[PDB]
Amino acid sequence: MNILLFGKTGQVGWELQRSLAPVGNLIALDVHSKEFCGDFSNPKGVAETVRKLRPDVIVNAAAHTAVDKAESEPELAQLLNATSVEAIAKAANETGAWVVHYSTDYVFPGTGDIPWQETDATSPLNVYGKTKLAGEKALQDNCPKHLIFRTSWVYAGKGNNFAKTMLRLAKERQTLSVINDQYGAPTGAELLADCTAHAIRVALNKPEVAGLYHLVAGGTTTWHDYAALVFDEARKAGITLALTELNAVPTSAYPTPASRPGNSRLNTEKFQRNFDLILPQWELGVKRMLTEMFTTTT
């Protein structure tokens, strides 16, 4: 049984090369895949590889994820987050393949306290959310064998991430200022990839689980609380920091082209009973990646 993976070199995709490797025979691609087209710009191009490879499961981790630039390039985001998904969906339905795809909390507005469920109404605040919603609707309509996982604040230790950019500030700077009103749950690429591997194995035996799922680490926190923990662990690890005065702030204080949401809390009870899997507190994931980041030996 063969698995096709697009977006191989992303945060989640890099971890999915690991997790999908024993599930089945894996073929992994990206934009610069030379011997197979993986550029989500050319949707009939990606679609022709689906038809030319004939996979049992397609896992799509390729996506336009520059939230702000998106507003200035709305049509390029549509192509990547909706046009090529529909294209890929339809081609998957020709051979009854499964399609696994990732979405976002930006499909919802911002109305604090309450965590958003699957049956809830959707009102996208910005373009990213708008385009990504379109993709999930295109998929749902064009292919009944799908698994949609909406996630949030996704990070990995390979490459750029929040913790990193903040630490880098904390080394170079003395007093920092970061948001305390956008609430959410940081989700590791490790967790998303690992859960995906098991959901695929269940899906294959129990078609009834097809559908849409909320999938994020447990708990709830803010960018501020988040950075406090990154500083706290840095210190405990013996990193020195030039930072000394940590200040919390409103959203309004910081410009941003795209409207960021206030309430990114997602209820994940559905995924839990449907797949019989645990979703751990966000803090474990972050401490783990921080510890791989700080234990740098060559």
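Position 1 is the first residue in the sequence shown; the rest follow in order.
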*Is the mean CA B factor in the deposited entry higher across 167 to 175 or across 180 to 188?*
167 to 175
_Tell me which stretch, 109 to 117 or 206 to 214, has the higher mean Cα B-factor listed in the entry._
109 to 117
*Going by the CA temperature factor in the entry, name the top one among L76, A87, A197, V154.*
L76
*For the listed residues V59, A70, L26, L266, which one has the largest C-alpha B-factor as given in the deposited model?*
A70
*Ranked against its chain, the third holding the CA B-factor of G219*: lowest
*Tell me, lowest, middle or highest third: where does the Cα B factor of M293 rank within its chain?*
highest
*Against its chain's modelled residues, does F162's Cα B factor rank lowest, middle or highest third?*
highest
*In terms of the chain's CA B-factor thirds, is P43 lowest, middle or highest?*
middle
*Based on the entry's values, in what third of the chain does the Cα temperature factor of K130 lie: lowest, middle or highest?*
highest
